[PDB]
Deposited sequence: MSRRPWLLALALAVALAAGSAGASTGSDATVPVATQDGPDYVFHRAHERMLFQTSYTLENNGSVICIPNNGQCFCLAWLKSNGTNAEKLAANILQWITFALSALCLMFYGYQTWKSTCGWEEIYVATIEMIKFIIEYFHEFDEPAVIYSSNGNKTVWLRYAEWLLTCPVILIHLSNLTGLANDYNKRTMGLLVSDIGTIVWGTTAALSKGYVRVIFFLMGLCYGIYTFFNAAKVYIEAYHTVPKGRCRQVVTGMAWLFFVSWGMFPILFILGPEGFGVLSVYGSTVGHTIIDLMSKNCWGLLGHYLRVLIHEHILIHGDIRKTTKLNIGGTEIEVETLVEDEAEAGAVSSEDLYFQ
């Protein structure tokens, strides 16, 4: 099927390759199989299931709230491209050092990373404002993906360096995202809302932590995983990272806004020390509206 040169002859007992002078790019590296039929079949099923969840979340959101729909919007456009051109350039980049780079994956990431991280900075949906910390989250997260993408495109010691630069940026991201979830927990009402925030934290750190692991395991790292193998791994963490997290997000948002509809915006002053941080604790009791220095 390929639109690089696939036909060649071996000459001088396979020491010389002869190709048609038809202007096409040529590299043996590009023609290596993407994996077993079983791996491919597994990958095509999880992709349809991802298309189904992407489709239902969008229509569901159809019945503020812009960050969840967008991630599902980008996810549906991703599947139409996968369906028609999954391994066609530039969904996959076939480069001169022999690498296959899944640009489709990294592009989606850079497009939605501000959307997801804005949403991280807006769990309750009540804020109109974003602090200095939000901005450090976006700068560090974009750096991570840019160094990572560079590492995927490189080889040898150059790949090692850019991966390590991605990790330094990534640690800063994880560290600060952890504080946000802590503040969110002590901001939202005491019941079901704190269960959902806790659920979102687990999904976030498991799914986000798995991406550098799948990088090291895939063709971009030690080549342990095949390309279909990598696809399957990515579909699982993709469903968690995007669809499910936005669904939990939308759910949380509904719950918080309904709290304002029933009890109203009753804030508090929980002074945390996880440092000397502060928080406005939404409560269901008008009585409760005081400074609660809960040093962690």
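- Residues of the deposited sequence with no modelled C-alpha atom fall in the ranges 1-48, 112-117, 329-330, 353-356.
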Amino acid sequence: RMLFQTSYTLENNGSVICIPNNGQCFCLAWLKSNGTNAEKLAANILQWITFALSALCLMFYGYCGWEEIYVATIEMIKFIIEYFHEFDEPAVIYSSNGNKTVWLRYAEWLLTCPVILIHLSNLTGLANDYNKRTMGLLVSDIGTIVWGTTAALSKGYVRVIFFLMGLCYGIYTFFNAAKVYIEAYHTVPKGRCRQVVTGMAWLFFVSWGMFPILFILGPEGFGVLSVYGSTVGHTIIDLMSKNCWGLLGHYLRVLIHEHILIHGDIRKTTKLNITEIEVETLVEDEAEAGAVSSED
From here on, numbers count along this sequence of modelled residues.
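- Higher average CA B factor: 121-129, of the stretches 121-129 and 91-99.
- As recorded in the PDB entry, 188-196 is the stretch of 206-214 and 188-196 with the greater mean C-alpha temperature factor.
- You'll see in the entry that, of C27, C64, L41, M240, the Cα B factor peaks at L41.
- When the C-alpha B-factors of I77, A178, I142, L225 are read from the PDB record, the largest value belongs to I77.
- The PDB entry assigns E278 a C-alpha temperature factor belonging to the highest third of its chain's modelled residues.
- Placement of the Cα temperature factor of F174 within the chain: middle third of the modelled residues, per the deposited record.
- Among the modelled residues of the chain, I262 sits in the highest third by CA temperature factor in this PDB entry.
- In this PDB entry, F60 carries a Cα temperature factor that places it within the highest third of its chain's modelled residues.
- Placement of the Cα temperature factor of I256 within the chain: highest third of the modelled residues, per the deposited record.
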